[PDB]
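One chain comes next, on its own, written as structure tokens: the form deposited without the named molecule.
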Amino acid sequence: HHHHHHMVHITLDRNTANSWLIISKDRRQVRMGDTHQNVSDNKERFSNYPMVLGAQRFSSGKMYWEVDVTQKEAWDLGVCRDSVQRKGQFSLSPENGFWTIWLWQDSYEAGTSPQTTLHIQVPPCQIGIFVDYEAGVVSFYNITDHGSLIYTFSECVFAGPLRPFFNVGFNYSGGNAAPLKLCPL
């Protein structure tokens, strides 16, 4: 792909984070803490899952960013409507305002309803995310495997401003403490 020149500088929005997340000072890294991180509750926070939004809102144009997932067992990544449900249980689907992929139990899936099997020969250490607002496209690329295509959501009905979306996943196994990191341009 040749999307690198639409690179945008993504930072994480602390106010949207699940209360167990630790976001780095530069707002480019997030990990699961071993306890409540001593913040007040607010209506923005994801309550049930270890999720956080980027601060950036997109309503036009072409945007590209990269996320480091090295040594993680579980994570979700992509974009979502600014207006997604924050509280309680929900599925990651375009009907609920999410355009995501994930790693779970040694398999990679796209957040369709129902979910779609991905075919990845080289486990990614970095993921590229490309959004074309006007075209209605979200695409994911395997940076570790020379930028090979992982998945394209097309005919997307965004129906609002988009935000970068992250889930560091639970760490019940003790094998998923590693952070998500926004890679430098």
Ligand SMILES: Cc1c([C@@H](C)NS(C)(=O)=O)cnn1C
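So that there is no doubt, residue numbering starts at 1 and follows the sequence shown.
Colleague: Output the stretch having the higher mean C-alpha B factor in the entry; the candidates are 6-14 and 172-180.
Modeller: That would be 6-14.
Colleague: Taking the recorded C-alpha temperature factors, which stretch has the higher mean, 113-121 or 127-135?
Modeller: Result of the comparison: 113-121.
Colleague: Which listed residue, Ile150, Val67, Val39, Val52, has the largest C-alpha temperature factor in the record?
Modeller: It is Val39.
Colleague: Quick check for you: using the entry's CA B-factors within this chain, is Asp82 in the lowest, middle or highest third?
Modeller: Middle third - that is where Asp82 ends up once the chain's C-alpha B-factors are sorted.
Colleague: Going by what the PDB entry lists, where does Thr100 fall on CA B-factor within its chain: lowest, middle or highest third?
Modeller: Within its chain, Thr100 is a lowest-third residue by C-alpha B-factor, going by the deposited values.
Colleague: How does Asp76 rank on Cα B-factor within its chain, lowest, middle or highest third?
Modeller: For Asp76, the deposited C-alpha B-factor lands in the lowest third.
One more form of this protein, solved in complex with the named molecule, exists but is not displayed; see below.
Colleague: Given that the named molecule is not shown alongside this chain, does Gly54 nevertheless sit within 4.5 Å of it in the entry with it bound, heavy atom to heavy atom?
Modeller: Answer no; every heavy atom of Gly54 is more than 4.5 Å from the named molecule in the entry with it bound.
Colleague: Should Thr16 be counted as a contact of the named molecule in the entry with it bound, where contact means heavy atoms within 4.5 Å?
Modeller: No, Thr16 sits far enough from the named molecule in the entry with it bound that none of its heavy atoms falls within 4.5 Å.
Colleague: At the 4.5 Å heavy atom threshold, is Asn48 in contact with the named molecule in the entry with it bound?
Modeller: Residue-level check for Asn48: yes, a contact with the named molecule.
Colleague: Within a 4.5 Å heavy atom cut-off, is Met32 in contact with the named molecule in the entry with it bound?
Modeller: Contact with the named molecule, yes.
Colleague: Could you run down 161-185 and flag each residue that has a heavy atom within 4.5 Å of the named molecule in the entry with it bound?
Modeller: Heavy-atom contacts to the named molecule in the entry with it bound: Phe170, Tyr172.
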